[PDB]
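Peer 1: In the first instance, please consider these chains from the complex; the rest will follow:
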Amino acid sequence: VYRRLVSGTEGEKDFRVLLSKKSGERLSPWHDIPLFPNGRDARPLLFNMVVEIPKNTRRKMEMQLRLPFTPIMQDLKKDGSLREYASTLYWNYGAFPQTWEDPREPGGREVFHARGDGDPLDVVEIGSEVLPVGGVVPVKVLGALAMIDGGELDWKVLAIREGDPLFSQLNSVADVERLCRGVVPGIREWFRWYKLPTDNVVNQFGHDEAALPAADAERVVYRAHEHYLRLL
């Protein structure tokens, strides 16, 4: 469905992934990829996921929202070096197109009244297959962890790629805990601890650290989608 135009070498400053339709026409993975690849009336409801960080990698790849067509490149520190996480991420990681965590909207106290992180909504894909930088895959939402990253509400939605062998068997948080041991706590503990070496901070999680159910996590995506639509 979407074409990856890869340039440079993956570990260097010239690396960049650009997206185009199969017509050849360039398009933004954030603006012009539909959030619902088969409409809002599909059941099970599928969301598009733009993969930024592949499973088993450590480079902080992200869509460059300032640039035309929002290409994916590695984040830079102010020292101008390519930025990496202190630990390898064990799952495909990215964001939902056409979503925005509006900082102007305050959460209840289940999330310590934290505010939107200001970025496209983050999603963790738990499938076995390694997905490439700039990949776009339809996913089924399974749940969501409400991370609090320095006073900011930073949702991590959990999803499973359509076509993964266990897709039809995973429909809720309990199914993941049952058929994929360590995935839910591994993701929670990864994002709780990953900024200890860089910032000496241990993050918190709202809703008593629980993974909110799939239906509630779908509503989180909807709200971020409308915040995005309201932005335009």
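Peer 2: Perfect, I can see it now. Numbering: from 1, shown residues only, chains lettered A, B, ... in the order given.

Peer 1: Return the distance of stretch A:145-163 from the chain's centre.
Peer 2: With Cα atoms, centre = their mean, to the nearest Å as the basis, stretch A:145-163 stands 7 Å off its chain's centre.

Peer 1: Then stretch A:185-199?
Peer 2: Stretch A:185-199 sits 16 Å away from the centroid of its parent chain (Cα atoms, centre = their mean).

Peer 1: What residues of it count as buried?
Peer 2: With burial defined by 16 or more other Cβ atoms under 10 Å, the residues of stretch A:185-199 counted as buried are A:187-188, A:190-192, A:194-195. Where C-beta positions appear, they are placed from N, C-alpha and C, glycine not excepted.

Peer 1: what do you get for stretch A:109-126?
Peer 2: The neighbour-count check on stretch A:109-126 (16+ other Cβ under 10 Å) flags A:111, A:114-117, A:119-126 as buried.

Peer 1: Equivalent analysis for stretch A:130-142, please.
Peer 2: Within stretch A:130-142, judged by 16+ other Cβ under 10 Å, the buried ones are A:131, A:133-142.

Peer 1: Show me those that map onto strands.
Peer 2: A:136-142 (DSSP state E).

Peer 1: For the closest residue to residue A:128 other than its chain neighbours, give me its contacts.
Peer 2: Using Cβ to Cβ, 6 or more residues apart in numbering and skipping the chain neighbours, the partner closest in space to residue A:128 is residue A:164 (6.5 Å). Residues in contact with residue A:164 (Cβ atoms under 8 Å, 6 or more residues apart in numbering) are A:127-129.

Peer 1: Include this sequence as chain B:
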Amino acid sequence: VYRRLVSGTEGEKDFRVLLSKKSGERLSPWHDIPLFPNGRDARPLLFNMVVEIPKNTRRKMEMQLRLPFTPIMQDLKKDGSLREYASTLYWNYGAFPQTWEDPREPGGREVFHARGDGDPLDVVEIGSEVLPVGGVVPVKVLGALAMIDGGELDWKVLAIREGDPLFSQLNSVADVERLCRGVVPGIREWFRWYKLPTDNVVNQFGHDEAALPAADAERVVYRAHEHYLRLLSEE
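Peer 2: This next block brings in chain B, placed alongside the chains you saw above:
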């Protein structure tokens, strides 16, 4: 108190940490450091921990058991390049002196009948302060996770450094869960997942993934201590 003799350059193949008494006499952190710094009858019971990997680092530093005085150096790949873990370890990590997880000794059915890892018993220290490579600190044992790494039983004993502010307040897993949220699951999930990028394997845990209580973890250390001592025995 033991003296650290640091040699080579950090992060390079020549880096090496050796231990000596305050006499200057060199000694092996595995062979010549007592497991019980105040004897087995000390209350609270203290075990000595040889710190190999400091909190918030990822180089795979380990005691080199083949070398004289068993110095701590960075592990090597078959390529001969320096080996690092794929992820940063968020806690001080090392081993108990005079312990050996004797293989050939079969585990119960709670550990999938897995055998010993063949190495000195591993310990995770959960205190806040970063400890140096080659540091020797007395710790109080709080619990143990029974990680299974490819048919090998690889215990991760959890302990707290004497002198850490929460020392007197931490005596078992339940205290850690109460006063240090995320420490026990953070350690379990770290060792469950850390070899996925290198080996494409997700580790398992015996005893239904539970953190065994402090008393059970004390017995884990004792048994490994006896395995080591048996290697030294006559007749």
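
Peer 1: ok chain B is in now, so what about the buried residues of stretch A:185-199?
Peer 2: Neighbour-count burial for stretch A:185-199, counted by 16 or more other Cβ atoms under 10 Å in any protein chain shown, picks out A:185-197.

Peer 1: export those residues to CSV and tack on distance to residue A:14 and secondary structure?
Peer 2: Shown next, in CSV, are those (distance: Cβ to Cβ, whole Å; DSSP: H, G, I helix; E, B strand; the rest coil):
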residue, distance to residue A:14, secondary structure
A:185, 38, helix
A:186, 33, helix
A:187, 31, helix
A:188, 35, helix
A:189, 34, helix
A:190, 29, helix
A:191, 30, helix
A:192, 34, helix
A:193, 32, helix
A:194, 27, coil
A:195, 28, coil
A:196, 31, helix
A:197, 28, helix
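
Peer 1: Intersect those residues with the contacts of chain B.
Peer 2: A:185-186, A:188-190, A:192-193, A:196-197 (Cβ under 8 Å from any Cβ of the partner chain).

Peer 1: re earlier: dump the buried residues of stretch A:185-199 to TSV, plus distance to residue A:87.
Peer 2: Shown next, in TSV, are the buried residues of stretch A:185-199 (distance: Cβ to Cβ, whole Å):
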residue	distance to residue A:87
A:185	15
A:186	11
A:187	12
A:188	14
A:189	10
A:190	7
A:191	10
A:192	11
A:193	8
A:194	5
A:195	10
A:196	10
A:197	8
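
Peer 1: For beta bridges, what are the partners of the closest residue to chain B within chain A?
Peer 2: With Cβ to the nearest Cβ, the shortest gap between chain A and chain B falls at residue A:87, namely 3.5 Å. Residue A:87 has the following beta-bridge partners by DSSP bridges: residue B:87.
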